[PDB]
Amino acid sequence: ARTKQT
Amino acid sequence: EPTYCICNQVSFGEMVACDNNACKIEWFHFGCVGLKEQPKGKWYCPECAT
Ligand SMILES: [Zn+2]
Ligand SMILES: [Zn+2]
């Protein structure tokens, strides 16, 4: 699954 | 400005995207949906997969 880190 | 997730807060920390391309929320904070790491395969949010 796509993830992001902010 | 935009808010996300089941908690309706701004982006922070690590977030995951629902694999339902029709999801109305799309992005979720890992902690809000019980995740510790990136799912390697499919992942659906609690609203799409109740
Ligand atoms: Zn959240
Ligand atoms: Zn969803």
Side-chain angles (χ1 to χ4, degrees):
Chain A
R2 274 146 55 232
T3 61
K4 71 187 175 162
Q5 235 291 13
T6 54
Chain B
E1 221 76 43
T3 56
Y4 296 102
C5 194
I6 59 184
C7 66
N8 294 292
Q9 293 186 102
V10 297
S11 303
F12 62 81
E14 297 192 80
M15 300 183 74
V16 62
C18 190
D19 274 327
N20 173 16
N21 64 39
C23 187
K24 310 157 191 306
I25 295 169
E26 185 165 20
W27 290 102
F28 299 76
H29 306 104
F30 269 26
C32 293
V33 294
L35 294 180
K36 301 295 300 254
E37 303 293 355
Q38 168 174 36
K40 286 185 184 176
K42 301 289 204 173
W43 179 92
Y44 299 91
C45 80
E47 287 203 25
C48 290
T50 62

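Any value given below was found using the heavy atoms of this structure, including those in side chains, with hydrogens, waters and symmetry copies removed. Throughout, protein chains are lettered first and strands after them, A, B, ... in sequence-line order, and every chain is numbered starting at 1.
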Go through it in stages, so that I can follow the logic: the residues are B:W43 and B:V33, the test is side chain to side chain contact (heavy atoms under 4.5 Å, CB included), and I'd like the CA-CA distance, side-chain angles, deciding distance and then a yes or no.
CA-CA 11 Å; B:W43 179 92; B:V33 294; 3.5 Å; yes
Pairs involving [range], ordered by first then second residue, that meet salt bridge (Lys or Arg N to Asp or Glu O under 4.0 Å) (sequence neighbours left out):
range: residues 39-48 of chain B; result: none
range: residues 23-38 of chain B; result: A:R2-B:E26
range: residues 2-15 of chain B; result: none

If I take atom CG from residue B:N8 and atom CD1 from residue B:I25, how far apart are they, to the nearest 0.5 angstrom?
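So the gap between those two atoms works out to 7.0 Å.
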What's the spacing between B:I6 CD1 and B:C45 SG if we round to 0.5 Å?
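It is 8.5 Å, given to the nearest 0.5 Å.
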For B:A49, check side chain to side chain contact (heavy atoms under 4.5 Å, CB included) against everything at least two apart and list the hits.
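Expected list: B:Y44.
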Under the side chain to side chain contact (heavy atoms under 4.5 Å, CB included) test, which residues partner A:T3, sequence neighbours left out?
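Side chain to side chain contact (heavy atoms under 4.5 Å, CB included) list for A:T3, sorted by chain: B:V16, B:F30, B:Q38, B:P39.
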Other than B:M15, what residues sit in its cluster of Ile, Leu, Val, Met, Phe, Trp and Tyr side chains whose heavy atoms are under 4.5 Å apart, directly or through others?
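B:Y4, B:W27, all in the cluster of B:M15.
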Non-neighbouring partners of B:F12 that pass ring-ring contact (aromatic ring centres under 6.0 Å, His included), sequence neighbours left out
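Counting only residues at least two positions away or on another chain, B:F12 forms a ring-ring contact (aromatic ring centres under 6.0 Å, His included) with B:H29.
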Main-chain N/O of B:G13 paired to A:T6 side chain as donor or acceptor, under 3.5 Å:
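Confirmed, A:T6 side chain pairs with B:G13 backbone.
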